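Trainee: Provided herewith is a single structure, encoded as structure tokens, for subsequent inquiry.
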Amino acid sequence: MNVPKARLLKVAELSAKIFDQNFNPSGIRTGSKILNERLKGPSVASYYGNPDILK
Amino acid sequence: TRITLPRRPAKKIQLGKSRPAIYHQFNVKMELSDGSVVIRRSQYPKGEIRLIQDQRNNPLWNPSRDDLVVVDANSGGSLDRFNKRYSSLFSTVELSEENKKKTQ
Amino acid sequence: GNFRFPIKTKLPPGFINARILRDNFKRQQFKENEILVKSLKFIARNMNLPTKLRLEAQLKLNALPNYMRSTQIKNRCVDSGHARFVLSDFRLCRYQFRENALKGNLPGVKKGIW
Amino acid sequence: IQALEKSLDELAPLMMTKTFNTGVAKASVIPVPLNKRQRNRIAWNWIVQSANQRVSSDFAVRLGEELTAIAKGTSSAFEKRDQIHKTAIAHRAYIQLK
Amino acid sequence: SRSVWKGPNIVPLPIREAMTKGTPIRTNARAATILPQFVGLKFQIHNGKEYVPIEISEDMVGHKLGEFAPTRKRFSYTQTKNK
Amino acid sequence: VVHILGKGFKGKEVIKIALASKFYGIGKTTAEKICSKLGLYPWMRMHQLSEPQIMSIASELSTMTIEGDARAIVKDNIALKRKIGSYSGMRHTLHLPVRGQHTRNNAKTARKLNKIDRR
RNA sequence: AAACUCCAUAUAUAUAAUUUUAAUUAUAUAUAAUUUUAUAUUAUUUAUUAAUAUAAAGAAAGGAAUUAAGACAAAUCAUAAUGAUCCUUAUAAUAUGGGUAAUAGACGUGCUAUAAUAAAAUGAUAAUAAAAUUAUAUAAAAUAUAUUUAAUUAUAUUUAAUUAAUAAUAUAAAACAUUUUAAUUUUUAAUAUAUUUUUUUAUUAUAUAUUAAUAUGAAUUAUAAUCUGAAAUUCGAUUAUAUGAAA
Ligand SMILES: [Mg+2]
Ligand SMILES: [Mg+2]
Ligand SMILES: [Mg+2]
Ligand SMILES: [Mg+2]
Ligand SMILES: [Mg+2]
Ligand SMILES: [Mg+2]
Ligand SMILES: [Mg+2]
Ligand SMILES: [Mg+2]
Ligand SMILES: [Mg+2]
Ligand SMILES: [Mg+2]
Ligand SMILES: [Mg+2]
Ligand SMILES: [Mg+2]
Ligand SMILES: [Mg+2]
Ligand SMILES: [Mg+2]
Ligand SMILES: [Mg+2]
Ligand SMILES: [Mg+2]
Ligand SMILES: [Mg+2]
Ligand SMILES: [Mg+2]
Ligand SMILES: [Mg+2]
Ligand SMILES: [Mg+2]
């Protein structure tokens, strides 16, 4: 780890901008995982099948 | 089955030798909530005391006092831990957010 | 005219039991406003926003009815309504997965031998 | 290796008296022979139990000490062998062709 | 223990009427945190059957409301089991 | 035998382990810090202490929470729980588990040890 | 009943451009054994024969499923379904709390220990597996933290690749090497000693006790943090600093 941290973090945020990625050098709790989690509503809602089945 | 310490032969305080009881006491200064200090004759050996809460900071004893700082025992609780552990969530504007449940 | 739940939802096609109906209603309602829950949870857990915003977001999360909580959803047997030993690969309870498997109803299930 | 072989052979008994319930008056205590594996097992148990009466903390050392002592004919396990054989003699006549 | 950064557990209570009119607060929110503003207020906490009246003190601050409203009373054994 | 603050020590046991064992309130880490601060090499024994070294250990170990002080803190915390009227205080009074364990079976050590005057 | 059947085994053919690699594999078809042959020593119904051994030809040795008829008025009306009977402003339906977690005693299962044929640290050209999982996801590498240079351990920051013979879960662990290990005076260190040098020898100190809990053992509890969740008090899971029962 001889390379200074300033160079490493310079590569880090440059790549972050290039690849459309978050950059949180201090590690604070941004709550990103909350938003990035997938929506499972469509799958959970159809657990019991199509309600419009012919009778 | 009673706990009683046995009594020894009581010594004879014959007539004329009945000396009074003069218990050792100290001129002890009592510091009130304010700068008021009263000298009290006490047996415990230390000359100054501060009273965290006293008649000065009691609403009952000062009905006319508009401003009255209040302080209670500091053993653990709100003033001790709830404040330093929760030092970001702040206000009584915030107390109006949980003011009423609007239920009959 | 006296629907048991606030919103008139449709009925499952297969087996129906009171419990199933409750779970199904919870599923549809959770799906409807899961985005709202996610947005409110974000605000209430964000120290970069004013604490008043966190306060109101937490308040409104606490006030949401039970039928919008994902934790409330419990997987049930789609053929019998039992809520124990439900295998997610089939949504069938125990002894209904076995029965149907033996019948050959399940697409590729087999009697285990090795 | 042959020191151990001769140790086991000399220490292990040739035959032991196994009590059988045959005999209403008393269980028939009849000598019965033992194959090599059985004899080695008896001898090994003796020398291990004897080797567990030593001060070292490693049983490789204590096993080695007992084996060296046995190689020079110095240990108590021999008395057990003699006792079993004397018992077998004390039960001479109950052996039967069967 | 709830994570500190999340904040205290907070529930809507009729605190304004209790502060001024002095009316006791009757709640089933046994998981609410006793904020320092509740000191000196009269609460009534559910316990499954009845609302236990308690008055918050400074030491109780930070705890939960249900910590003072036991739900099941002490276990007793009838020695005369008989048969 | 080395005596520190009235604690009897054999002459064979390491300082760090012995300190962490006999004194109520200092563990492995605190003993390691204490020995390092006074410049005693990690695996030094109690025999090799000199009188100045014993004095320094006693002096430096007396500037932190002593056995009695730590026990007082524990007892005070239990007393706080009981006086508040909390559920946990009630379990302490009745000699019952306090961390949500099952009482239908076991709960022997709680009855034997849980009390308002816990050591 | 046995056999056919499936996992596994040996061999043959086919497929794979050996960058989905491993071909030492994967999975389709087929063959193979419920082994054969010879000799002898046996008891016999006399080789129109069985078990005893030998020999030589073989890769050839297992497990799974299938548990009949009847009997136990065995279990199930709480998987589900129906007969009879019973409720229909309630024995049907919804919500907020609590209970199912209570504890005198007793009981069946297990987990962890009570130390030296056994516990602890470390081991980066990272010793060596199999079978499973990842569109209601798996989550690497790098970071801040506790925490010291680092490593290990646990959270947080951010999502690399992969929806899979491709990437992740995931460097398997015991094993083996070195160091340590109280009871244990069987130890340490102060001097000398020396052809045992990571070590031996001589003198002094290494005390206070005895059937005993250690540097065994982690139960109970104090405090501070963290994870999931809208919510962790009744009643969840981890980490750290203390606690250190019984055995
Ligand atoms: Mg659930
Ligand atoms: Mg200690
Ligand atoms: Mg290859
Ligand atoms: Mg068969
Ligand atoms: Mg049958
Ligand atoms: Mg029969
Ligand atoms: Mg019956
Ligand atoms: Mg029933
Ligand atoms: Mg039914
Ligand atoms: Mg009802
Ligand atoms: Mg239960
Ligand atoms: Mg069982
Ligand atoms: Mg051990
Ligand atoms: Mg594999
Ligand atoms: Mg495989
Ligand atoms: Mg990592
Ligand atoms: Mg390795
Ligand atoms: Mg004991
Ligand atoms: Mg330990
Ligand atoms: Mg610990």
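Letters A, B, ... mark the chains of the structure tokens in the order given; residue numbers begin at 1 per chain; ligand numbers begin at 1, in order shown.
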With only C-alpha atoms (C1' of nucleotides) and all ligand atoms counted, collect every polymer residue having an atom within 12 Å of ligand 20; state the result as a list in words.

Mentor: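 Counting only what the definition allows, namely only C-alpha atoms (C1' of nucleotides) and all ligand atoms, the set is residues 27 and 28 of chain F; 218, 221, 239, 240, 241, 242, 243 and 244 of chain G.
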
Trainee: Just the residues within 8 Å of stretch 57-70 of chain D, please, counting only C-alpha atoms (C1' of nucleotides), with nothing from its chain fewer than 3 positions along; format it as a PDB file with N, CA and C atoms (P, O5', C5', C4', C3', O3' and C1' of nucleotides), in the first residue's frame.

Mentor:
ATOM      1  N   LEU D   4       8.499 -56.210  20.693  1.00  0.00           N
ATOM      2  CA  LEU D   4       7.072 -56.118  20.990  1.00  0.00           C
ATOM      3  C   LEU D   4       6.368 -57.445  20.739  1.00  0.00           C
ATOM      4  N   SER D   7       7.200 -59.668  23.476  1.00  0.00           N
ATOM      5  CA  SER D   7       6.522 -59.135  24.652  1.00  0.00           C
ATOM      6  C   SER D   7       5.070 -59.585  24.696  1.00  0.00           C
ATOM      7  N   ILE D  47      -0.442 -53.693  29.286  1.00  0.00           N
ATOM      8  CA  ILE D  47       0.730 -52.827  29.224  1.00  0.00           C
ATOM      9  C   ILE D  47       0.321 -51.364  29.132  1.00  0.00           C
ATOM     10  N   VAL D  48      -0.807 -51.069  28.486  1.00  0.00           N
ATOM     11  CA  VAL D  48      -1.294 -49.693  28.449  1.00  0.00           C
ATOM     12  C   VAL D  48      -1.709 -49.244  29.841  1.00  0.00           C
ATOM     13  N   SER D  50      -0.642 -50.390  32.644  1.00  0.00           N
ATOM     14  CA  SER D  50       0.581 -50.231  33.420  1.00  0.00           C
ATOM     15  C   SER D  50       1.341 -48.984  32.995  1.00  0.00           C
ATOM     16  N   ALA D  51       1.353 -48.684  31.696  1.00  0.00           N
ATOM     17  CA  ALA D  51       2.054 -47.505  31.208  1.00  0.00           C
ATOM     18  C   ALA D  51       1.377 -46.209  31.620  1.00  0.00           C
ATOM     19  N   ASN D  52       0.154 -46.273  32.141  1.00  0.00           N
ATOM     20  CA  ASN D  52      -0.552 -45.097  32.618  1.00  0.00           C
ATOM     21  C   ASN D  52      -0.280 -44.814  34.087  1.00  0.00           C
ATOM     22  N   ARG D  54       2.779 -43.531  35.128  1.00  0.00           N
ATOM     23  CA  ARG D  54       4.070 -42.890  34.956  1.00  0.00           C
ATOM     24  C   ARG D  54       3.886 -41.384  34.859  1.00  0.00           C
ATOM     25  N   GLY D  73      11.737 -57.848  31.171  1.00  0.00           N
ATOM     26  CA  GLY D  73      11.013 -58.697  32.096  1.00  0.00           C
ATOM     27  C   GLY D  73      10.779 -58.063  33.451  1.00  0.00           C
ATOM     28  N   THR D  74      10.318 -56.812  33.464  1.00  0.00           N
ATOM     29  CA  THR D  74      10.092 -56.071  34.708  1.00  0.00           C
ATOM     30  C   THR D  74       8.763 -55.328  34.594  1.00  0.00           C
ATOM     31  N   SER D  75       7.695 -55.958  35.078  1.00  0.00           N
ATOM     32  CA  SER D  75       6.389 -55.317  35.168  1.00  0.00           C
ATOM     33  C   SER D  75       5.430 -56.278  35.855  1.00  0.00           C
TER      34      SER D  75
ATOM     35  P     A G 116      -6.497 -35.029  29.856  1.00  0.00           P
ATOM     36  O5'   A G 116      -5.102 -34.762  29.140  1.00  0.00           O
ATOM     37  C5'   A G 116      -4.925 -35.109  27.776  1.00  0.00           C
ATOM     38  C4'   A G 116      -3.536 -34.803  27.273  1.00  0.00           C
ATOM     39  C3'   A G 116      -2.422 -35.690  27.818  1.00  0.00           C
ATOM     40  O3'   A G 116      -1.447 -35.878  26.800  1.00  0.00           O
ATOM     41  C1'   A G 116      -1.935 -33.451  28.311  1.00  0.00           C
ATOM     42  P     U G 117      -1.233 -37.319  26.136  1.00  0.00           P
ATOM     43  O5'   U G 117      -2.251 -37.354  24.912  1.00  0.00           O
ATOM     44  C5'   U G 117      -3.458 -38.095  24.971  1.00  0.00           C
ATOM     45  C4'   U G 117      -3.623 -38.975  23.758  1.00  0.00           C
ATOM     46  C3'   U G 117      -5.051 -39.360  23.412  1.00  0.00           C
ATOM     47  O3'   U G 117      -5.714 -38.368  22.652  1.00  0.00           O
ATOM     48  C1'   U G 117      -3.658 -41.283  23.359  1.00  0.00           C
TER      49        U G 117
END

Trainee: Select the residues contacting ligand 10 at a distance of at most 9 Å, based on only C-alpha atoms (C1' of nucleotides) and all ligand atoms, then format the selection as a PyMOL selection string.

Mentor: chain G and resi 90-93

Trainee: Select residues of chain C: the criterion is any atom within 7 Å of an atom of chain A, counting only C-alpha atoms; output as an mmCIF file with C-alpha atoms, in the first residue's frame.

Mentor:
data_model
loop_
_atom_site.group_PDB
_atom_site.id
_atom_site.type_symbol
_atom_site.label_atom_id
_atom_site.label_comp_id
_atom_site.auth_asym_id
_atom_site.auth_seq_id
_atom_site.Cartn_x
_atom_site.Cartn_y
_atom_site.Cartn_z
ATOM 1 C CA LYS C 10 -61.335 -9.911 -6.321
ATOM 2 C CA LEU C 11 -61.531 -13.535 -5.247
ATOM 3 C CA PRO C 12 -58.897 -16.246 -5.746
ATOM 4 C CA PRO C 13 -59.894 -18.816 -8.364
ATOM 5 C CA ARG C 27 -50.672 -9.106 -0.742
ATOM 6 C CA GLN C 28 -52.573 -6.816 -3.107
ATOM 7 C CA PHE C 30 -48.728 -4.299 -0.050
ATOM 8 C CA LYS C 31 -48.103 -4.414 -3.794
ATOM 9 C CA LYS C 38 -39.857 2.515 0.465
ATOM 10 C CA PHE C 42 -35.673 6.259 3.029
ATOM 11 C CA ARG C 45 -33.516 6.729 7.867
ATOM 12 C CA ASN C 46 -31.603 9.638 6.307
ATOM 13 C CA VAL C 78 -52.901 -22.792 -2.560
#

Trainee: Which residues are near ligand 5 in this structure, taking near to mean any atom at most 8 Å from a ligand atom and counting only C-alpha atoms (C1' of nucleotides) and all ligand atoms? Format them as an MDAnalysis selection string.

Mentor: chainID G and resid 67:70

Trainee: Those selected residues, please, written with N, CA and C atoms (P, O5', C5', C4', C3', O3' and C1' of nucleotides) and delivered as a PDB file, in the first residue's frame.

Mentor:
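Listing of part.pdb after writing:
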ATOM      1  P     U G  67     -45.056 -50.711   0.010  1.00  0.00           P
ATOM      2  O5'   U G  67     -44.372 -51.886   0.835  1.00  0.00           O
ATOM      3  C5'   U G  67     -44.781 -53.235   0.655  1.00  0.00           C
ATOM      4  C4'   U G  67     -44.932 -53.952   1.969  1.00  0.00           C
ATOM      5  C3'   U G  67     -45.722 -53.197   3.036  1.00  0.00           C
ATOM      6  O3'   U G  67     -46.456 -54.117   3.838  1.00  0.00           O
ATOM      7  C1'   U G  67     -43.553 -53.637   3.835  1.00  0.00           C
ATOM      8  P     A G  68     -48.045 -54.244   3.682  1.00  0.00           P
ATOM      9  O5'   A G  68     -48.225 -55.403   2.610  1.00  0.00           O
ATOM     10  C5'   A G  68     -48.614 -55.125   1.274  1.00  0.00           C
ATOM     11  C4'   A G  68     -49.323 -56.308   0.675  1.00  0.00           C
ATOM     12  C3'   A G  68     -50.591 -56.732   1.399  1.00  0.00           C
ATOM     13  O3'   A G  68     -51.724 -56.006   0.962  1.00  0.00           O
ATOM     14  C1'   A G  68     -49.201 -58.612   1.083  1.00  0.00           C
ATOM     15  P     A G  69     -52.946 -55.734   1.960  1.00  0.00           P
ATOM     16  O5'   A G  69     -53.485 -57.190   2.296  1.00  0.00           O
ATOM     17  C5'   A G  69     -54.194 -57.957   1.335  1.00  0.00           C
ATOM     18  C4'   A G  69     -54.910 -59.096   2.007  1.00  0.00           C
ATOM     19  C3'   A G  69     -55.624 -58.720   3.292  1.00  0.00           C
ATOM     20  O3'   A G  69     -56.924 -58.216   3.053  1.00  0.00           O
ATOM     21  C1'   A G  69     -54.249 -60.593   3.685  1.00  0.00           C
ATOM     22  P     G G  70     -57.800 -57.648   4.267  1.00  0.00           P
ATOM     23  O5'   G G  70     -57.965 -58.906   5.222  1.00  0.00           O
ATOM     24  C5'   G G  70     -58.774 -58.833   6.379  1.00  0.00           C
ATOM     25  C4'   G G  70     -58.092 -59.462   7.565  1.00  0.00           C
ATOM     26  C3'   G G  70     -58.052 -58.609   8.816  1.00  0.00           C
ATOM     27  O3'   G G  70     -59.259 -58.669   9.549  1.00  0.00           O
ATOM     28  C1'   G G  70     -55.910 -59.517   8.413  1.00  0.00           C
TER      29        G G  70
END

Trainee: Give as a list in words the residues surrounding ligand 19 up to a distance of 8 Å, considering only C-alpha atoms (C1' of nucleotides) and all ligand atoms.

Mentor: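 So, counting only C-alpha atoms (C1' of nucleotides) and all ligand atoms, the residues near ligand 19 are residues 215, 216, 217 and 218 of chain G.
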
Trainee: Which one is closest to chain E: B:103, B:18, B:53, B:78? Count only C-alpha atoms.

Mentor: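 Checking each candidate against chain E, we get B:78 as the closest.
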
Trainee: Please check the contacts: residues of chain C at most 8 Å away from chain B, using only C-alpha atoms, listed as a compact mmCIF listing (two decimals) with C-alpha atoms, in the first residue's frame.

Mentor:
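Final output, iface_5.txt:
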# COMPACT_ATOMS: atom_id res chain seq x y z
CA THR C 51 -34.94 15.83 11.53
CA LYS C 52 -38.48 17.15 11.04
CA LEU C 55 -39.97 12.67 12.27
CA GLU C 56 -42.96 12.95 9.95
